[PDB]
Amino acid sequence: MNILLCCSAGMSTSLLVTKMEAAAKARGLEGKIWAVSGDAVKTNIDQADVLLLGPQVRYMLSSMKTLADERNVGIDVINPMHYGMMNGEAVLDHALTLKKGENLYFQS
């Protein structure tokens, strides 16, 4: 489960990535969880299974969605409460939900 976060690797987002990594390890989940600035998404999206945007870059969703949909990568904006309260277990769940729903047997 590879989870790409956009669009900054500042204190807050990086703290969340660390918490998301602790949560994934504690479910013996292998994969890469990493944050990049917006200019790096194109070169990192193919490795990702899910792309998650910080609440402060919600305005980039429409444009990032076109790319993600095209690449078969789940995409969503992180819930402001999960982000502000640094709930890594919750954001990992969000990502897992996007990936699972995305492969849903009935259609797409």
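So that there is no doubt, residue numbering starts at 1 and follows the sequence shown.
With 45-53 and 62-70 compared on mean CA B-factor from the PDB entry, the stretch scoring higher is 62-70. Higher average CA B factor: 96-104, of the stretches 96-104 and 10-18. Remark: of 78, 26, 40, 75, 26 shows the highest value [criterion: C-alpha B-factor in the PDB entry]. In this PDB entry, the Cα temperature factor of residue 86 sits in the middle third of its chain's modelled residues.
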